[PDB]
Amino acid sequence: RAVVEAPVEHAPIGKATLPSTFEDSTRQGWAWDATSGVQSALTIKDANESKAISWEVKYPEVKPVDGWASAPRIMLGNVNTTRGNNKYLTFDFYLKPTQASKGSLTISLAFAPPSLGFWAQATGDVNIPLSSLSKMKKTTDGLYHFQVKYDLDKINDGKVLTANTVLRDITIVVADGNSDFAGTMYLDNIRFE
Ligand SMILES: [Ca+2]
């Protein structure tokens, strides 16, 4: 399936770069997957005083039965990197909600390793309940700041990311778990550590 929406003003793709810091005002190789349920503009915006890739999402009130159908699914294609000695992939994730009070966002990480069937998914999905947000302090520019980490030794389906396993693509999915979220999302400093 290809999810298709007319393009509008959006940031240039640039070239795949890790760490991805967006400081050149390009997407540094990040783009929607063809199957991403969100196909709206990807722009570089300031978040917490640094350039970040960003998009808006208003999830449907009627939730699809497939829990990724409505999800932003963004991917770094053809980076062809390896984790090396790094145990984690981590990034800054920011929310600027216009609505957020119930259910949760679940953030998943996957990769496309040509040695492992072009898919390997981190076991450690990260759940962000939206009722938790009210009690978090916002950045000065009014964002909720998360630093999300994935232990790359915990992968599904018995697949193993060796130090030298080539990772052709990296994918991040922000799934709506019965939430009322609407607003802006941002990623920055996507890196291994
Ligand atoms: Ca940045």
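Whatever order the structure lists ligands and atoms in, that order sets their numbers, starting from 1. Sequence positions, counted from 1, serve as the residue numbers for this chain.
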With sequence neighbours left out, write down each residue that passes side chain to side chain donor-acceptor pair (under 3.5 Å) with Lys51, or none if nothing qualifies. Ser25

Side chains of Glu23 and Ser50 only: does a donor on one sit below 3.5 Å from an acceptor on the other? yes

Salt bridge (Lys or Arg N to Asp or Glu O under 4.0 Å) filter on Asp151, not counting sequence neighbours, yields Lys87

Does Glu193, at its CD atom, have more than 12 non-hydrogen atoms belonging to other residues, nucleotides or ligands within less than 6.0 Å? yes

For the Ca ion (ligand 1), report each protein N, O or S atom nearer than 3.0 Å, sorted by chain and then by residue number. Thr21 O, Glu23 OE2, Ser50 OG, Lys51 O, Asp188 OD1, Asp188 OD2

Suppose we screen for side chain to side chain donor-acceptor pair (under 3.5 Å). Which residues come up paired with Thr123, at least two apart in sequence or across chains? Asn156

Salt bridge flag under 4.0 Å for residues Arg83 and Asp153: yes

